[PDB]
């Protein structure tokens, strides 16, 4: 979208969406995105946060406490595909771990509008 004088990005009249409602999740590559997962584990610190792209590229992940009695992880995915999140407790893998997440490029562009 277009931002400037403290103005939130909206949308024009005609539909120009660039992402189908496929049976997959969509995330913003190169930007810390939160993930809502149903886990029977409250303790945050007691848990561990680790991620490794499909190409073997480590990514900065950070676990935080979400509102409405929810909890999710927040990391900056660099590669798109099937990411595996290693979630354990004091060195003991937890349920639903490693957590699988699907990463896809929102818009076709290498770090925004910039020459090659």
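Here, each number is a calculation from the coordinates, and none is a lab measurement. Please note: Cβ atoms are built from the backbone with ideal geometry, for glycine as well, and neighbour counts cover all protein chains shown.
For the range 59-90, list residues with backbone N below 14 Å from a point placed 7 Å from the Cα of residue 106 toward its Cβ?
Hits in the range 59-90 for residue 106 at 14 Å: 75-78.
Quick check of the Kirkwood formula: for the chain, what is the inverse mean of 1/r over all pairs of different Cα atoms, in Å? Please report the intermediate quantities before stating the final value.
Values: mean 1/r = 0.0617 Å⁻¹.
Mean inverse Cα-Cα distance, inverted, gives 16.2 Å.
Considering the Cα trace of the range 74-113, what is its radius of gyration and what is Dmax, both in angstroms?
Cα radius of gyration and Dmax of the range 74-113 are 13.8, 44 Å respectively.
Working out 0.36 nm times the residue gap between residue 40 and residue 55, then minus their Cα-Cα distance, what length gain in nm do you get to one decimal? Walk me through the numbers on the way to the answer.
Numbers: separation 15, 0.36 × 15 = 5.40 nm, distance 2.96 nm.
Taking 0.36 nm per residue and subtracting the Cα distance, the gain is 2.4 nm.
Using 0.36 nm times the number of residues separating residue 6 and residue 78, minus their current alpha carbon distance, what extension gain do you get?
Result: 23.1 nm gained on full extension.
Identify the residues of the range 24-47 with backbone N under 16 Å of a label point that sits 7 angstrom from the Cα of residue 68 along the Cα-to-Cβ direction, or state none.
The answer is 34-39.
Return the inverse of the average 1/r over all pairs of distinct C-alpha atoms in the range 24-79, which is the Kirkwood hydrodynamic radius, in Å to one decimal. Before the final figure, lay out the partial values.
Details: mean 1/r = 0.0823 Å⁻¹.
The Cα-based Kirkwood calculation yields 12.2 Å.
In whole Å, how far is the Cα centre of the range 1-66 from that of the range 73-89?
One Cα centre to the other: 10 Å.
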